[PDB]
Amino acid sequence: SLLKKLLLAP
Amino acid sequence: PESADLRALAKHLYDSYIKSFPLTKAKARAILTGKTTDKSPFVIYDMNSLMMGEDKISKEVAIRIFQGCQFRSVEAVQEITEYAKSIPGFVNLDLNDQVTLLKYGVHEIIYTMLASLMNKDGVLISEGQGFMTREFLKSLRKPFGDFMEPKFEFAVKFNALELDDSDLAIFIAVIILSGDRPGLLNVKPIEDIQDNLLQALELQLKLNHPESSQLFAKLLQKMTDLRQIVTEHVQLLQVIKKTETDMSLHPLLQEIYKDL
Ligand SMILES: Cc1cnc(Oc2ccc3nc(COc4cccc(C(=O)O)c4)n(C)c3c2)c(C)c1
Ligand SMILES: [Cl-]
Ligand SMILES: [Cl-]
């Protein structure tokens, strides 16, 4: 998901 | 002391809040009051001034405004996500639970922070570059005329509590760490973090607002109020996406609104 991707970007 | 640790947590959250949110309430109230040193915001109070501002800051105005709010929401979701990642213990939670906490909590935070940019007469837009009047927003054609009014009503009441950025940083953290969101896989660790945040919030309010009777209880109630604000918003969105056509929804919002 997009939220997951935002959460993973350091 | 356990209290000393609660103050360090409060400060950590404030510092993170400053790093994550470019426009703070402190900066925003300075603009709304005029104390600001920067250039005054461009005021949008009617159709003509909106046209002029589209140059300073196909679709009908009401839709353009509505979608403008949606784009700002997308920007806010990203800022809030960065802030959530700074809350101690958050990044170590099950990744799917982090998604769930954001999915069900971002709008409550968006409306909390929007209040910081509002007064009874209007709202700051594009980080203080413009000021759109409440009068103009409710002048838009239905159903867009009542899109923001409930948010303005909430903000006037919320702002009457006179919270500052330090109070807000903890208030927002508590909301994000809600162990009752639908579908959470591991509630206990979220609740333990929230319980600590709640202790920090209580101490913050007793120290920062010594004369404000029952401020903590009032904030717990604002948390409930915010969920009702989101419920109504979601309800209005479905009325719009039922009578309006050709409208495009940002994928990040489509994801958040799904099953919600
Ligand atoms: C020049 C110009 C200025 N603003 C324009 O349109 C906009 C563009 C961005 C905006 N940001 C806000 C702030 O209000 C918000 C922000 C976020 C969420 C919500 C909400 O209720 O969900 C409301 N308003 C009113 C905007 C109106 C246009 C189309 C042109
Ligand atoms: Cl106000
Ligand atoms: Cl919920």
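Chain naming here is simple, since letters A, B, ... match the order of the sequence lines and numbering starts at 1 in each. Any value given below was found using the heavy atoms of this structure, including those in side chains, with hydrogens, waters and symmetry copies removed. Just follow the structure's listing: the first ligand is 1, and inside any ligand the first atom is 1.
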Check the angle between the aromatic planes of B:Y83 and B:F21 and answer parallel, tilted or perpendicular using the 30° and 60° thresholds. tilted
Apart from B:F71 itself, what residues make up its hydrophobic cluster, given side-chain heavy atom links below 4.5 Å? none
Identify, with sequence neighbours excluded, every residue that meets side-chain contact (heavy atoms from CB on, under 4.5 Å) alongside B:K11. B:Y14, B:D15
Any idea which residues sit under 4.0 Å from ligand 1, heavy-atom distances? B:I44, B:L50, B:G53, B:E54, B:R64, B:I65, B:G68, B:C69, B:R72, B:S73, B:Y111, B:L114, B:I125, B:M132, B:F147, B:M148, B:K151, B:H233
Using only heavy-atom distances, determine whether the side chains of B:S49 and B:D46 contain a donor-acceptor pair under 3.5 Å. yes
Could you list all the side-chain hydrogen bond (donor to acceptor under 3.5 Å, both in side chains) pairs where at least one residue sits in residues 191-203 of chain B, not counting sequence neighbours? none
Kindly confirm or rule out a cation-pi arrangement of B:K151 over B:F147, judged by NZ or CZ under 6.0 Å from the six-membered ring centre and within 45° of its axis? yes
